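Engineer: Would you be able to build a 3D model of this:
(4 chains)
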There are 4 protein chains.
Amino acid sequence: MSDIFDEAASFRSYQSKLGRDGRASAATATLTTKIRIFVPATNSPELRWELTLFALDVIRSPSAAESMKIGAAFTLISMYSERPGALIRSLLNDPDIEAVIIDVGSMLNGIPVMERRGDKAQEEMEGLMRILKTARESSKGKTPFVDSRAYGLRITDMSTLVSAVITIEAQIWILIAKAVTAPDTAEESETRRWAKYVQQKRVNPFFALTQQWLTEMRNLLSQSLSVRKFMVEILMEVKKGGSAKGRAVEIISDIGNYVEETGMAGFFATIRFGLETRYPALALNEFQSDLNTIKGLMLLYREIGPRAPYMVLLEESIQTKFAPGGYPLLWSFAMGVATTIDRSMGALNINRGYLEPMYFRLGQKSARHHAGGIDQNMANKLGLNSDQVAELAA
Amino acid sequence: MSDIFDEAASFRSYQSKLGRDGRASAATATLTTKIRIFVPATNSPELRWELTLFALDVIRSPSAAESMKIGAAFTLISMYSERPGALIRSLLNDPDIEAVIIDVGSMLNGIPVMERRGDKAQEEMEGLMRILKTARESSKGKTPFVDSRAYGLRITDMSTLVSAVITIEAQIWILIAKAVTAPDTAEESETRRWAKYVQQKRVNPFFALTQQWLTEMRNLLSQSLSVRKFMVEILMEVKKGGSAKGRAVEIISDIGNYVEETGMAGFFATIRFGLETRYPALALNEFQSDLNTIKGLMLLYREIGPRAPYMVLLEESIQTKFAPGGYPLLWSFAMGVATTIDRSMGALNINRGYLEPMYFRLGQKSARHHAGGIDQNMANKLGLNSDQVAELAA
Amino acid sequence: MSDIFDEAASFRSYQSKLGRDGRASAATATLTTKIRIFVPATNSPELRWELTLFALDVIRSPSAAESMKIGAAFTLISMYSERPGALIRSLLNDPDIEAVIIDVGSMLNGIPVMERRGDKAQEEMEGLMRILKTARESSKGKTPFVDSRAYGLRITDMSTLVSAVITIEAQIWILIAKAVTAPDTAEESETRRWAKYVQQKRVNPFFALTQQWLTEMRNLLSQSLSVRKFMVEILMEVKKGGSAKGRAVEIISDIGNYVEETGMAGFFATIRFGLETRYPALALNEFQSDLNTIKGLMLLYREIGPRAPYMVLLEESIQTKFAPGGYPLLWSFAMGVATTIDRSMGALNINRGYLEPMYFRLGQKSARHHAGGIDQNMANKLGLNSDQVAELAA
Amino acid sequence: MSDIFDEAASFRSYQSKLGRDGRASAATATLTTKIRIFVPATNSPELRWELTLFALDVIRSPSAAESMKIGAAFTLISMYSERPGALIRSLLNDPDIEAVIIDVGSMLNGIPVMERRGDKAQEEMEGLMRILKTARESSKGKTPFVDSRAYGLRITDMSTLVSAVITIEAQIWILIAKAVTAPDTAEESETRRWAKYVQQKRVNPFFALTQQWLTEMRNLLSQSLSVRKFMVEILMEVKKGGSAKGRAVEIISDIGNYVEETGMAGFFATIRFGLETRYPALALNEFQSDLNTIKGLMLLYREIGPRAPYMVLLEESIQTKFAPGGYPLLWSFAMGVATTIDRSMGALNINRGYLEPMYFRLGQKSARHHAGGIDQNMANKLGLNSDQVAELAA
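Structural biologist: Numbers count the residues shown, from 1 in each chain, chains lettered A, B, ... in the order given. Now the structure:
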């Protein structure tokens, strides 16, 4: 009777947030791996420039261990800050790893540890020399930068270093947008992002890394979750307004605009196209279940918190509930109207196992062949009967 | 049901202001670069005239470092004030740079540091001499001013110095309007502004800088963000009324009238044309999402603060959300109606990848062929059917 | 009549806090002197030990400029902290000076500037070498430490560095107690404090500086006010409880226990002895003005704030109002009763020009020959006449 | 007038808690030293017994570094717990040190690190072998235990290990009572404490360490504050009732009864004897100041918190304010009645510089020659006039 179809509505609402309450224990604590991070101790551009040159080689090195590669990645990302050690320690929320910050101090060809020389320090120098030699020999004499003069370049002015660093930072931060969603299909939007900043003159194109190095970094960025967690944490903190933003921060925040809501196009297309833009083909006894599920997802997205846009980047388990497959019918209808309306929408890969072409066809007919679709009019257009016809004539 | 399409609206409203709350930390602190600014210590007209000539030469110089160019620009912008050091120190909000104000004191051909002569001073003296020599040799003997007599001109009267400084400041401040939006397509609106100010006799046309120097300064202004931030801060402070305004301040505010809302013609054109000028073609079930996004953008713009008009100049990350691309349909409709209505609108470059020519055609038709479009009439026009027919006859 | 003698009291109360209200302007801004501070960039024990040895040499140097000596003192005082630059920048309230923090980086025999070598660095290196040579040649080959082996000592263990640094900091901090009150009459209380800390095993006696270096450092500390202000700020910050205190902080607070209320023995002795310890000779119609002045001074001391005990160290102008001379009669009475009562009091130098020997004699008599002086008894001692007689018998 | 002597009472009360408010900053952060702690990973008695044998030798070793000695001390104290690593990490509040817990795993003659053998592990084995060889050679073949059979004893039963460990724990925990107050004058109460537990059969006397080893441990315990802080933290946590107490915990809590209020006998004797046991010789114009100061100290002691009894052990700077010297007169009177009443009181060393024998003599007369001292009688003893005489006759 009347109680039925309302008990279920509460039942489905209760089922979604079934056991996601309370606080977990410390027994389920992941084993931690030591990660050695080489941060610049001083503000001298000559040491900082030599440091970021070293961090570039470690990432490009094929003989480098993964833990060393994460250290180079953490060294690069925090290079812009005046106190990289403080930034890493105050913006790290990775239970998987423990970070041991190492102040570099001075600069040899590699890094001088300068701590009880001879005692457990000599082998580290030999290891780093092997890292540098293998990195340079691995490539065909090709420097990480697209310009061979940008590698063996002497930097002493603070102004040049800041411009040089930001270009390295910006090019790395470009990859996060499509590092885990479709890393192979990248280099098109990434080039478009780089071209945009070049025209804005925010980045000096002289310090442009080659695509060989970018592929190596992107492979590192996809494999490792700790680096992704650190960069997502930076994005959220930078997103919070209130303080003055520097040139490095403004670029990061601008890049974070493209990063948000990545990897969840199937869910958001359903919200924007299938659900909104109210079409008379919604209530058809095959979307009422999906509409109920979608309503629960909106509450779940609001309940998650500030990490909701970057769910795919952090690989949250909540993401699977958001993916199409739990509401294949409405999503199929949503992609039907999406391809017809949005020209860009159509390069999306939607060859899933629950396409349901009949509902896809209905969405295609909904955009054009269904009706003009005049919604509630606050302004009273009594003579708009022909106005719809002219609009419908197209 | 009824809850749907309102839950979704609240969801989009919450998603717009998702994580832009709270206060950030000091860990994300940009590295600062020292910027040396040469300000006049006294009010003697000859010293100030020599100082602004030196600043012009340094800006024109090709061998000048970028920091020196920024120092020269800051010296120029604050020349009108009787206390340039106080003006710079009390109107600087640039975390990227730290300004070390230097009182010039006396004046040689260059500038006498007058601080422990021989100790760390002769090198700076020879550097400034090299700067001046390279600046003079670089051009084909052409002075920065369009009149060769305006360069080697002796100034001893305060009024003449004030007039020349006002002209130089005005000619500098014309460039900010189209320095980052379309610097290449400039020199038309800039020439129009210069002609307008000449016809108003606010600027003496004798001190007119050549177009080569103007191009060099526009390139410098586009490259650097600190100068843009300082000039935007000056514009914001001058805009606040309450006190007496001098000739320099009046000219600066008149220029800032044109400066405001630059680089956001898409959003404001969308508002003014698509949103206002209520057309029966608005409520069409394909514009509701765009209207909701536009409303959220309106609240965001109100929330941003006094820096909202100058977001493109400061390169705020919030600007990307304002750009068309999140509402291409309504934007295309508004561009169509604007191009049909506003004759000047049509020189705008709108060859984007989301043009949607169908909606552009729909807007073009809605502008003219749609109907007369009589809105709510407070005055009762009983017999205005024939008036509407005659108006539609055109 | 009745109103008079109360109008006078209100008049004196208003006169005490006559013009000490409102906020001052920025026009009265002292000229600032640049002070170069060499702080350790890293946590390596060898670098910190070499840095503190260099600071000791610079302080002992006779050819050192005063600014260099202040920089060395600031380097020494902040050596215990893991981030000396942050400690100095966040605990500096000196309008007289501006501090330019310099991260040392690596360390040669002196300090490597490591910033554009050859450009304005070689002269500083030669100056530092001259400073070291003059410091070493000035004494008769006598190292700053009382043990010649403590100077040319290699430090690589963190614990040894911490112990040596704590000892040096403690020996420095002993001097502040009697640096400006009576620097010449020192070396007795200072030696007592050093012996106390040695017997407590808080300080390793191996790193004990010679008395020549201690005299030089005490002279430097008395001459300079910025160092005193910095150390008083450190004392005030450490005094505020709430957080865990390290060995250095505990030693500093224990020394500040002796530091407090220094140089104001006259006022506090007057309070404790003349005002408290109620004697029948107090209300005698020659002490009412002094009592009113003392009450006003107590109100002023409560009004001053947390800087009240260290008024002599900061050389506050309000201190002169606290000194005896505005209440010579009650002060003399209190010093008489103190010299008769307190055995230790009597080594104080009170050969002032307002001794008033009659009141000193009156206080001496009031201490012993006056009466037993039984005050208000909560317990009813009805048979205490014989007890009072026996007590007066002595 | 009446306001005077009440303004001072508030003034002295306000002066005590002058600047002890608010929260300190993190700038004053002590440099941390790494401390390596060898904890047993498993519960096997054979490994635990071999571990505590190793920790005994390290403490006895003369060639051992201080940091190693602290690690042995931390290893011993936490040996009773089933999870020594959890106990140390959850009961450590030492900002001076950082503890790196090392699970021992298996057991060779020394300790097998078992982590990448050959890589930075071989030298550690050689160092430990040097530690063991020097420790055994330093003594004249004397084992740490008073019984030579207790050293080379095989332990496989859990029951024997628990009894053996507790004896080692109890003997170490005896020293804390008089480790910093008067370490030289120890071995009398310490032997008395040990004899008491032997008669109670809580400790098996077979595992009794020689006095040569106890002196070495006590010297370590006095020098190092980190060990004292850890053991004080254990005392407070064990003091908090609510849970079941094991044999190890019960001994520690029983020992903590003697540890409490150590090193503050001068203050507490004044409270118990001078202030309490109300004598008609209190109000004499020479104790009113001391009574006021004593009252302020009681509030300060209550304000400190649970760490108030162990102020001397933690070497809190607040302790100096509690020491006699700020109230020498009443303390001298208090010790006067203390020596006459308490036979044990009189072995205390009170040869200070502020003895004031006249007030000491008055205290001596106060106990016996002053009066019987009949206080307020709730029971009405009308015929007690002769009862006092018989009591006074003695």
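Engineer: Please make it C-alpha for all contacts and neighbour counts, starting now.
Structural biologist: Noted.
Engineer: contacting residues around stretch A:10-26?
Structural biologist: A:293, A:296 (C-alpha atoms under 8 Å, 6 or more residues apart in numbering or on different chains).
Engineer: Which parts of chain A are strands?
Structural biologist: With DSSP state E, the ranges of strands along chain A come out as A:33-39, A:97-103.
Engineer: is the first one anywhere near chain D?
Structural biologist: This points to strand A:33-39. No. Strand A:33-39 stays clear of chain D (C-alpha under 8 Å from any C-alpha of the partner chain), getting no nearer than 13.2 Å.
Engineer: does any bit of that strand sit next to chain B?
Structural biologist: No. For strand A:33-39, no contact with chain B is found by C-alpha under 8 Å from any C-alpha; the gap never falls below 14.0 Å.
Engineer: re earlier: the strands of chain A into TSV, with extra columns for mean neighbour count?
Structural biologist: Below are the strands of chain A laid out as TSV (neighbours: other C-alpha atoms under 10 Å in any protein chain shown):
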stretch	mean neighbour count
strand A:33-39	20
strand A:97-103	17
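Engineer: Save these as TSV, and put in distance to residue D:149 too.
Structural biologist: Formatted as TSV, the strands of chain A follow (distance: least, C-alpha to C-alpha, whole Å):
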stretch	distance to residue D:149
strand A:33-39	44
strand A:97-103	46
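Engineer: Not counting sequence-adjacent ones, nearest residue to the residue in chain A positioned nearest to chain D?
Structural biologist: Residue nearest to chain D within chain A: residue A:120 (6.1 Å; C-alpha to the nearest C-alpha). The spatially closest residue to residue A:120, leaving aside those adjacent along the chain, is residue D:120, at 6.1 Å (C-alpha to C-alpha, 6 or more residues apart in numbering or on different chains).
Engineer: Let's have the strands of chain A in JSON lines, adding distance to chain C.
Structural biologist: Listed next are those as JSON lines, based on distance: least, C-alpha to the nearest C-alpha, whole Å:
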{"stretch": "strand A:33-39", "distance to chain C": "11"}
{"stretch": "strand A:97-103", "distance to chain C": "6"}
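Engineer: quick one: which of those strands is nearest residue D:361?
Structural biologist: Closest to residue D:361 of the strands of chain A, according to C-alpha to C-alpha: strand A:97-103, at 65.0 Å.
Engineer: Next, the angle strand A:33-39 makes with the closest one.
Structural biologist: 30 degrees (axes from the mean of the first three to the mean of the last three C-alpha atoms, to 10 degrees).
Engineer: In its sheet, which strands sit next to strand A:97-103, and in what direction?
Structural biologist: Partner strands for strand A:97-103, per DSSP bridges, with pairing direction: strand A:33-39 (parallel).
Engineer: Name the nearest residue to the residue in the stretch 201-350 of chain A that chain C sits nearest to, ignoring sequence neighbours.
Structural biologist: Residue of the stretch 201-350 of chain A nearest chain C, by C-alpha to the nearest C-alpha: residue A:243 (19.4 Å). Nearest non-adjacent residue to residue A:243, counting by C-alpha to C-alpha, 6+ apart: residue B:24, 6.6 Å away.
Engineer: now swap in residue A:372 and tell me
Structural biologist: residue A:392 (5.6 Å).
Engineer: what about the one you found, distance to residue A:273?
Structural biologist: 20 Å (C-alpha to C-alpha, to the nearest Å).
Engineer: What of residue A:25?
Structural biologist: Counting by C-alpha to C-alpha - residue A:25 and residue A:273 are separated by 42 Å.
Engineer: Tell me which of those two has more neighbours.
Structural biologist: Using other C-alpha atoms under 10 Å in any protein chain shown as the criterion, residue A:25 and residue A:273 rank with residue A:273 on top: 24 against 7.
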